[PDB]
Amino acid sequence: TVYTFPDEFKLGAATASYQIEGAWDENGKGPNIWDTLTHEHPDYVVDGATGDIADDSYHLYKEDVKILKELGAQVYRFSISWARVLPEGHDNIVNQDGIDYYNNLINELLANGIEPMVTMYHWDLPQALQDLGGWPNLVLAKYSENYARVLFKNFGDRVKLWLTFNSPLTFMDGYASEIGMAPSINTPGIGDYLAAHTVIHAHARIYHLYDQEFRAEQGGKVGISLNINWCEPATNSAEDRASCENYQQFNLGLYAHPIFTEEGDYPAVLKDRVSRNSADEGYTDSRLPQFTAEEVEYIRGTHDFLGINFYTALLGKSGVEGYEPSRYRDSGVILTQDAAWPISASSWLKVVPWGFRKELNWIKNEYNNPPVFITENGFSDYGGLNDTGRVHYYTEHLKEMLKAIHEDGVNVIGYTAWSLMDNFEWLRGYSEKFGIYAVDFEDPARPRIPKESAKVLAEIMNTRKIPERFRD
């Protein structure tokens, strides 16, 4: 039983728009912050790579559905490119070509018995909105509402699963370095917190919008996808345990405390540590933005499920390090990784499958067992079809998740593997491979071909169990 998926559990795979679509300026699409980064700052990206073509999924979406059907995916999670739909960011102009494209993908999926799951924002902000300051500027909350309305109106008759934002803990860091993630702004400890504040407001506006304008007719569900690493105490001390709790609150709780708790607001430890640090460093005002009581009430409860993006673990010990000001410094933990853990092609990603089970339990206890949909989980290598490391990564993580479900009572309701295919890996370009399908980026046809991991995942999806040969 511990090796069998619940009957209603949904299995599939996932992608993101900039990572796969290409057609970056085709048929009216406007520029986004990733177009800007890869065009203006190729020195920030391995090989000077761009997403101009990527997997060419704008043209090849039927091939994506074909491989999803082969895989036996029940669900496909993909994102919508804001600037493909609203080229100016604001809702004054709707690009029919973008409407047609996503309709064509949705219809193709449904005709092949695959459910669409749509992420509204996976990091590709229209440049016109970044030029107002981007996420640190609260005006973007209403702009996000208006974007979401166009999506609900056009697609919500057929799309019943939505995520507002993907991994805002990661994308907020685009406001914490001059050479980092788009838009590559150096405001650590100040602008990144403002970005988070706006995103939380935006998410809440989108959820209320669904309630007010769409839910009764459409009957779908709206969540948010949060990334989080497990943080294991470096030793069993109370002090090291405290540092790991700090980590969870500063990374997951930053977003999840305002939305998923009865109390709402940011975690107390976040408010208190930033307040103290700001005062000590001479600021009149805390660097952490504040919610009013009315905003706290508006934001709390804005969820039908929790999306989780899980990859890895860190070790945490008591202490403070990092630059002043920064979120890492404010968090009051010293982070390392254990040399013994298996590696990947990504410096940040080590294989720690039991950390997945620990994280799922932490979430269950902190948020009163919300329905959890694993929206990303996956592994990098440098290439190859005989991807034994990736096969092991998936079979172990899925076993740990199934223990969380069956042994620990965690309400996990679905899982989409990251990623369906090798794609543009952000600042790493095409150098790191996360796909279960390989893609030849030197071949203009961008053929997708199954790796061993795709064959193993198909077997899991078909049999609805972990095969015997992968069991402990």
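Don't overthink the numbering: it's just position in the shown sequence, from 1.
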query: Given 147-155 and 229-237, the range whose Cα B-factors average higher in the PDB entry; finding: 229-237
query: Higher-B stretch (mean Cα B-factor, as the entry records it), 58-66 or 419-427; finding: 58-66
query: 191, 168, 183, 220, ranked by C-alpha B-factor: the highest one; finding: 220
query: Residue of maximum C-alpha B factor among 134, 332, 72, 174, per deposited coordinates; finding: 72
query: Position of residue 32 among the chain's modelled residues by C-alpha B-factor, lowest, middle or highest third; finding: lowest
query: Chain-wide C-alpha B factor ranking for residue 391, given as lowest, middle or highest third; finding: highest
query: Lowest, middle or highest third - CA B-factor, residue 18; finding: lowest
query: Relative C-alpha B-factor of residue 285, binned into the chain's lowest, middle or highest third; finding: lowest
query: Among modelled residues of the same chain, the CA temperature factor third for residue 319; finding: highest
